[PDB]
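Report on the following structure.
Quick note: the coordinates plus some simple rules give every number you see, no bench work behind them. Counting neighbours? That spans all protein chains shown, and the Cβs are built from the backbone with ideal geometry, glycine included.
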Amino acid sequence: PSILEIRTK
Amino acid sequence: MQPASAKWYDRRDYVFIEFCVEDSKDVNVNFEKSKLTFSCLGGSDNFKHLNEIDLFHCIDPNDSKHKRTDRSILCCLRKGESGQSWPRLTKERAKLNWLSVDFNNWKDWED
Amino acid sequence: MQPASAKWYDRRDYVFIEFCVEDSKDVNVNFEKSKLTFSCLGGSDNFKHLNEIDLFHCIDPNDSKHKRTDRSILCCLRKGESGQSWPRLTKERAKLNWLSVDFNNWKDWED
Amino acid sequence: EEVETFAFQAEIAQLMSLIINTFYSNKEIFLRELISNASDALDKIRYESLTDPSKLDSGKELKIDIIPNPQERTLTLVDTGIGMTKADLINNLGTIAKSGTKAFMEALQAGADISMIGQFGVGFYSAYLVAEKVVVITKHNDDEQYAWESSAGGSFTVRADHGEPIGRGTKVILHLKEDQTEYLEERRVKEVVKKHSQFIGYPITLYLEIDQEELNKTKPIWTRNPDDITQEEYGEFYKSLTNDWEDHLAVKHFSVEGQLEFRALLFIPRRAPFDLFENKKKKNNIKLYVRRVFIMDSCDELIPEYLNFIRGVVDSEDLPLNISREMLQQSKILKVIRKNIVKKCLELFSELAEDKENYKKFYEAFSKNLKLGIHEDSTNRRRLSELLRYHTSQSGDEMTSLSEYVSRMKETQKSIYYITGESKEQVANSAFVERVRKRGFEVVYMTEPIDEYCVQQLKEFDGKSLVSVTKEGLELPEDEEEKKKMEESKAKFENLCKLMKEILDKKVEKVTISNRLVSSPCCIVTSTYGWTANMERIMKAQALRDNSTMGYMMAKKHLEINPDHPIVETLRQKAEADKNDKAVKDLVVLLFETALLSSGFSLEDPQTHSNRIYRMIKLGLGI
Amino acid sequence: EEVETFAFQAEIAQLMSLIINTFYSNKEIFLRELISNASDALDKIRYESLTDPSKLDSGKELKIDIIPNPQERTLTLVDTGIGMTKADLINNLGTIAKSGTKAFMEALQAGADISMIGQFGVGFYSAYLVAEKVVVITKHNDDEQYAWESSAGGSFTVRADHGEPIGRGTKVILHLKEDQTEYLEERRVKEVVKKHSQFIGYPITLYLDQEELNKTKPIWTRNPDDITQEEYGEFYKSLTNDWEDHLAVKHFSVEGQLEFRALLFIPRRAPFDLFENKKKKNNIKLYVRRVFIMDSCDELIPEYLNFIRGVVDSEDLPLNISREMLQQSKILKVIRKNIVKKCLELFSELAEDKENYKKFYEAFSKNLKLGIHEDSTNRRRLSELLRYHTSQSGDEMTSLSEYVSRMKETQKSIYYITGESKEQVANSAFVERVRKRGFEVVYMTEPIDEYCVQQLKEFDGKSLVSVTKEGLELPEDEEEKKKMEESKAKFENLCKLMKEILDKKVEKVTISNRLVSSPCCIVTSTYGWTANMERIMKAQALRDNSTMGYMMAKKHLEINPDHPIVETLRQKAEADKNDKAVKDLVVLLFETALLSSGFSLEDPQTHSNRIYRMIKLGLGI
Ligand SMILES: Nc1ncnc2c1ncn2[C@@H]1O[C@H](COP(=O)(O)OP(=O)(O)O)[C@@H](O)[C@H]1O
Ligand SMILES: Nc1ncnc2c1ncn2[C@@H]1O[C@H](COP(=O)(O)OP(=O)(O)O)[C@@H](O)[C@H]1O
Ligand code: BEF
Ligand code: BEF
């Protein structure tokens, strides 16, 4: 339920 | 003749005031419906202290108390109307130089 | 005839020791290639502190200074071989009950 | 038996080793302590001179100074304050844990325009963190000069002075250690002063050649009443505080009274800074000033994570501080600061809403924070929804609000319809809305990935629930004639439903008839309990999700049928003629797959669909 | 003229107010302070009873006690330590900044192995945080039993007590406040002791009736070559309250200016809370002299190693005055490096148990794949810790170092294909030619593999080369290259014709070398986003909407020059430039190949409409 965006580039 | 520094905090049913005079003698603590008075004789210099505080809101003093510990004179006032929050101790908005808030036992009971 | 407290740390080119002996009188600081010796008579108790520290590695004594002060006697030794990190002051692994490490100037110089 | 009575004492040899070695961890706040002491002195003299204006006869310009002199390797702090006499020297600088500031403030009239920094009594002895023996010079108005030379070695020697006259005020002279010489530069001193004591009320001047290059040229405007400041001075203060080259977008000025009191300023930047959701080690937006001295900036308790974009200043008068004056005691207090900041930021947004000229500028940059707060914040989920603008069918290019949709809603609708997709052109032309748009009912487009998270926690609005148009039951406000029409169509289309079910085993739960298509053939929908069709595409690309739950709450697909398309109308006749025809068993699978592509689903090994298409291309090419 | 010399002083009332009010933030550490004092006394007497074993004649059991008493509010703490005479009472309990513990520990003979937990000199007066009138009964072996009493008001009385005997040992008797009665419940005291002061070497007994609170003796203070795995399991189960035995364990020590001991446990099953809480990193604790100091403050352990549980102990660190946090924050930059360097070797000796490594890698692979992305220094050590599926492996995962050993003599790169499942990438159209020549393809199906590959770029000198990117170079024969050249020399008209047909969706139409059966695929450019990376970067929900238009894939169509359909299409293309069937078939083929390549097709309703229209012709409607 957690937004797990991972910093990309 | 000078006032004695104090600290105060409150709970859902009682207002607590703790004075700071070490090794007090013959303290005369007297409550009133809208006023508080305090006249001690303490310290090493045998100086005289006197604190006259106008209470912010009516309270019942018959169930009040105090406990003259050799470190501090811890008063405890019984709130007249349960649940009534107090924003400040004294009627007049002008800040008193010797009155603070005891943030160690301060608690947001209104939760 | 008891050892005096101390604190120590090092840098890229120097070693530092700080003998916390307040109000130092008759200070005898003595460097050497592999041994150190400190002898003071300070304070009111009027003991004659003596420190017998064995050095970890060869150091240059003729480029070492001590800056006496009313709060300590700071010794600043010259490292023998540039860049050789010191893991401990004394030769023997056994702990010295007074000598500690001054962590307020400790730095990871060999990053 | 007998009782012996004694009195507590103090080991004045270890009591200073504690104050120097342990209390203070940062070897930079010595300048802040000295500056604060100078400010106390200046406030003392300024308040005393309010009665007899002749006290300034020995000196008129109240000020502070800093004169680093590397040749002497001393950091002088010239001053023009009240000073202090010999008895005051011996009873204020030689007594640990004794401060004349508190005793002075306790002996002044009830209510005055003065507020002083420092009550503990150990601040000065922090000057031996980065210095040798200290030297203090002083000159009161009732005495002569007295040099004060100590080195924190159990002694402090007041003596008579014969040097140059100072007129009225202290002159501290430190002696920096050999390795700490790096505080005589322009850069280090400027950085320390700007970081710590920028908002001191008196001018600070760094005499380094001589050029009086003042370091305090900005002033604290949060103390002044808001009605006095113009909407342009806020811009100058924002530009100076943040180094931004554009004015602020919105501003809020409020104060709170009670047992906890503070003032605050809140600026909403013009354009959101890049890399906003990356820095997890430092956010330092809502600074905390106590009596105009920096305290802390990095504590999540100050403001929730989803309000990261707000940048401002919060000033308080009498908060409790740790002995180092760097950390806030009673870390349970911050639950009131957060609760008082959030409900004021939301009022700022509410008042910014009624100006629909720059609300586009605000929204285009700060929509994601709102749509994330709706997902996380469980208390403001009501007031945080009315600030949402969504593209709808009956709008075109201009965004509209939910409270406008409810105002334009039909008298017979009992819910709000919405559809989730990838873009706007894809969503508008989709097969699901073909009957909703035909009846006349509006639709809400949700073309953002965060919208799924926003609508999981949203369940209704103004008493009306959000029902999707890609779920099982889409109850249109249908007329009674279409009930019997549906009964006829259902009773006329069973055999085809079971035949399609028996060919589509283990893929679709149950094949039914449709009530949401007008022109397009069969479309695929999902079930109520479980992720929608679009949410799977998101949750299968999060890259930080456990793999055990994918197969548990995936979906339940349900094929449908449009009872008017010729492709199915003739298919029913062909099925009734011979229920085991091969062409039917190929056409039904091809139709299922090409309907599956319509929805936001994905297949497994699409090569089996590419080959199906290639074979029937070869059929048409005659090869 | 004259120089007057004086000496410093100290105001007692202000110092007491300071110590009581503005030093300690948690009112619950008085119990750990008194327990530390009790253990100090016990260590004193235990060391004293070595040379002269007659000291234990007045009592021979070493212990601690706690006796809450709710009828009249007290909280006893009975000991059996060295005790204190009258001079010790007067010159230790009445001086603020004087500590007899430091003076005693400065007189150790040479190296006696005794460690005391008090240096500062203040901390007894933390009892007045919750106590009204402390009473200290005491009895040394030299001077008789004295009673001590103070309300912390600049006065304290040293009585002479004729009461009940104790034999040998102090007895603190607090008098708790009116609103501080909460410290008499069994549960509250049990929890406070368990959290703060659990790992002390002497029994603690709460008389409620002798439920010793600390049954688990510490084991990190013992030589690791003397511990069996059963003891490690029985300590793990007590430390983490787990009903499942551990999987791996490390026991290392560091010597020098900064010294510490450490244990490291790897749990068998991954908790379902990883990457979720992001509030408290309480996995690794920090102990100093076997007393709780602080949990992991962020920089102790990097984020990608969040699953490690363990304990760190030390004998000398610069603690704050509150003993709740370190003073210098540069220690947590060397401790981090040491712990990471030890974990990245624990993994290495875990690797050689191939039957056991699978149980680890099946649950803890995402952490390694994230560390490859974030740990810019340890890529060469997190690279050999990966296992991947390949075409020539079946159901057995293999490592990259096993792949490199199976490499052909003419190979010059490592091939890899990425998608969303193994079933798709197994049968995709890209590998149809690479698999034909007997080359080994590496599969990558997890989403985190996109971030892993984007930062590796190398292995053992080989460079990772994808199969969905333009410019794939296969070892070709002299006949093969000339055949491809003549094929390109006979398919320029069709290539430019269909380029004219589209002109917007693709930027080139070339001749293939990686297709065998599929007539046409689509490959992106070499400077941009891969086909699957684009599909991943549209589902983050928190991203920059602008940057997609600047760093985007640049499509590049392709054609198999031997498949029958395109070979027949060339005839109609050269015969007629604008035949309807041709200009429909090219669009249909482009969209069909666009779907098969994993691209998110734009406006799929048109592609659906084409199929719905051309099925009717099959049915003749
Ligand atoms: N430059 C100065 N000018 C005037 N008074 C000063 C100056 N520096 C220090 N003092 C006085 O000396 C005391 C400062 O001692 P310190 O230990 O720093 O305590 P505090 O910071 O709590 O005031 C106060 O009484 C203050 O008024
Ligand atoms: N129960 C006890 N048994 C023996 N000595 C005790 C006991 N309680 C306190 N002491 C003594 O009192 C002193 C502790 O005072 P305190 O202010 O807590 O300082 P510290 O914690 O730094 O030792 C030491 O001399 C210690 O030996
Ligand atoms: F530096 Be002091 F506390 F004013
Ligand atoms: F309580 Be002390 F630090 F031993």
Count, for each residue of B:19-25, the Cβ atoms from other chains sitting within 10 Å of its Cβ, then give me the mean as a whole number.
-> 3
Share, in percent, of DSSP beta bridges within chain E that are antiparallel, nearest 5 = 70
Length-normalised contact order of the stretch E:15-173 in % [C-alpha pairs under 8 Å, at least 6 apart] = 28
So what's the protein assembly as shown giving for Rg/Rh, alpha carbon basis, Kirkwood Rh from the mean inverse pair distance?
-> 1.03
Where along chain C is the Cβ that lies nearest the axis linking it to chain B, and how many Å separate them?
-> C:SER44, 13
Can you give me the P(r) profile for chain E? Cα pairs, bins 20 angstrom wide beginning at 0, each as a whole percent.
-> 15, 33, 22, 17, 11, 3, 0
Sparsely packed chymotrypsin sites (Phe, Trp or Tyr not before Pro) within the stretch E:458-540, loop by DSSP, other Cβ within 10 Å at most 10 = E:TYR527
Cβ density ranking, 10 Å radius, fewest first, applied to C:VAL29, B:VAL15 yields C:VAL29, B:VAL15
Ranked highest first by the average count of other Cβ atoms within 10 Å around their residues, in what order do C:48-58, D:136-146 fall?
-> D:136-146, C:48-58
Of the DSSP beta bridges with both residues in the stretch D:1-217, give the percent that are antiparallel, rounding to the nearest 5.
-> 90
Quick one: D:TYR128, E:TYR232, fewest Cβ neighbours within 10 Å first, how do they rank?
-> E:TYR232, D:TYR128
The stretch B:67-82 and the stretch E:3-65 have their Cα centres apart by a whole-number Å value of 32
Viscosity 0.890 mPa s, temperature 25 °C, Stokes-Einstein D of the stretch E:244-356 from Kirkwood C-alpha radius, µm²/s = 162
Per-residue average of Cβ from other chains inside 10 Å of D:534-547 | 6
Considering every residue in D:422-431, what mean count of other chain Cβ atoms within 10 Å of its Cβ is obtained?
-> 3
Over 27 Å (Cα to Cα) - which of E:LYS171/E:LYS280; E:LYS195/E:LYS279; D:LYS335/E:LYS281; E:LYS408/E:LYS555 fall in this group = E:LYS171/E:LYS280; E:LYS408/E:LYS555
Quick one: Debye curve from the C-alpha atoms of chain B, no solvent, what's log10 I(q)/I(0) at q = 0.18, 0.20 Å⁻¹?
-> -0.91, -1.12
At the level of C-alpha centres, the distance separating the stretch E:355-399 and the stretch D:415-473, in angstrom, is 42
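For the stretch E:1-215, compute Rg over Rh where Rg is the Cα radius of gyration and Rh is the Kirkwood radius from the inverse mean 1/r over Cα pairs.
Values: Rg = 18.3 Å, Rh = 18.5 Å.
In the stretch E:1-215, Rg relative to Rh is 0.99.
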Fewest-first ordering of D:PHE104, E:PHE272 by Cβ atoms within 10 Å yields E:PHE272, D:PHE104
Report, in whole Å, the centroid distance computed from the Cα atoms of the stretch D:546-581 and the stretch B:22-53.
-> 90
So in chain B, what percent of DSSP beta bridges are antiparallel if you round to the nearest 5?
-> 90
Pairs of Cα atoms under 8 Å, at least six residues apart: use those to get the relative contact order of the stretch E:220-374, whole percent.
-> 19
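Determine the relative contact order of the stretch C:6-101: mean sequence separation of Cα pairs under 8 Å and six or more apart, normalised by residue count, in whole percent.
RCO, the stretch C:6-101: 32 percent.
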Taking the label point 7 Å from Cα in the Cβ direction, how far apart in nm is B:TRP86 from each other copy of itself, listed shortest first?
-> 6.1
Over the stretch E:106-219, what number does the Rg to Rh ratio reach, with both radii from the alpha-carbon atoms and Rh per Kirkwood?
-> 0.99
For the stretch E:160-266, the Kirkwood Rh over every pair of distinct alpha carbons, in Å, works out to 17.7
Remind me, what semi-axes does the stretch D:1-91 give for its equivalent ellipsoid, largest first in whole Å, using sqrt of 5 times each Cα gyration tensor eigenvalue?
-> 35, 24, 12
Taking 7 Å along the Cα-to-C-beta vector as the label spot, tell me the E:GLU374-E:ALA489 distance in nanometres, rounded to one decimal.
-> 5.7
Label-point separation in nm, E:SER253 to D:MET554, each point 7 Å along Cα→Cβ = 5.5
Over the stretch D:380-623, how many percent of alpha carbon pairs lie in each 5 Å bin up to the one with the longest distance?
-> 1, 5, 11, 16, 17, 16, 13, 10, 6, 3, 1, 0, 0, 0
